[PDB]
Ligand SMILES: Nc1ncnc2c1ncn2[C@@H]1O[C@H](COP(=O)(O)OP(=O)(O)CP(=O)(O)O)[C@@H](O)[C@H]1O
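First comes one chain, alone, set out as structure tokens in the form deposited without the named molecule.
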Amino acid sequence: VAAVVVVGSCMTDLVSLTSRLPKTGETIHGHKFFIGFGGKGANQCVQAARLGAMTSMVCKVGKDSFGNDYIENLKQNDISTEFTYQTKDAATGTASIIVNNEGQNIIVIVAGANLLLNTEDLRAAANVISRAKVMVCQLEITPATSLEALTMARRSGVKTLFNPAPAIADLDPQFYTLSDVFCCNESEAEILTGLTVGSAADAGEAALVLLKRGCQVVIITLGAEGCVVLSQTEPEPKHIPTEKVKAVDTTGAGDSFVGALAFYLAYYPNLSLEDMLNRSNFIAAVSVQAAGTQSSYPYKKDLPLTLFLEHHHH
């Protein structure tokens, strides 16, 4: 039985390495091309699975080479692919990425088959969603399909973890009221609230705006500075810090955090928010210490034992 169900996106990463980023109208040469696996939903599902969750990825890829390769990627990470759909009507979602030697990038995402994940698909997955502990979704599929997944989860008493990423300024109000845990970064919080979010203090003002729209719990991540959390029960912002590490490549850190949080909500529901967030902050900070996105996500066996205690730890 899958405890963590992720309803969301898979994207093939098409990466070119160059010495400089091209501007409009330019043709340049790069020195290396490679393919990787991305998409916020799959990234989150991968981190959760690597921590030991029984996960299932509800998603749609193309009936194409990239799609077949993505299903294999899921299987290699011990993710259930019982609800990984294919479609002849769109290509697998893509992220075309150009990266320079200092790690600055240009990215073009084409959602593709992710947008064809539909009501009929969720109805077929209705039984798996209904039986989960946590349903995770983002905004890299059709927003109406994420709303439907949240609705289905709420109707079954399944905890909803909503990551409004990438953010849209005027989200349907039901996104907030159907969210048990609403988790975003500073740039997303800016789009959602119309406030500056650079610091912890700014994040607590933004978080309260989001809380009043009907979320149970709001979490705004702060990069290397950890995160801020509020809840209906505890509306005063808490700043949960992260011990400083030497970052190698911060790509994918957000999704690591969210996947770790899903793991804790499902497997350690007893734990306070503060405890879950310290742990999740730590795991994401491990990911930044290695190259790449999914490749950087740590496994349970390579992490400290204290991350897996049933009870609160100092």
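Only the largest set of C-alpha atoms that superpose within 1.5 Å between the two forms is called the rigid core. Residues that one form lacks are left out of the comparison. The first residue of the sequence shown is number 1, and the count goes up from there.
The protein also exists as the form solved in complex with the named molecule; that form is not presented, and the subsequent description refers to it.
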Give a yes/no on whether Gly112 approaches the named molecule to within 4.5 Å in the deposited bound form, heavy atoms considered. no
Hey, in the deposited bound form, does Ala284 get a heavy atom within 4.5 angstroms of the named molecule? yes
I'd like to know whether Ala124 contacts the named molecule in the deposited bound form, with contact meaning heavy atoms within 4.5 angstroms. no
Closest heavy atom of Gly226 to the named molecule in the deposited bound form, within 4.5 Å or not? yes
So which of 59-67, 267-275, 45-53, 245-253 is the stretch with heavy atoms within 4.5 Å of the named molecule in the deposited bound form? 245-253
Would you say all of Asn185, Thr221 and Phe257 touch the named molecule in the deposited bound form, counting a heavy atom within 4.5 Å as a touch? yes
Using heavy atoms only and a 4.5 Å cut-off, determine which of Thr142, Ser130, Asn105, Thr177 is in contact with the named molecule in the deposited bound form. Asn105
Could you identify the runs between the shown form and the other one where three or more consecutive residues, present in both forms, all have C-alpha shifts of 2 Å or more after superposing the core? 14-35, 96-108
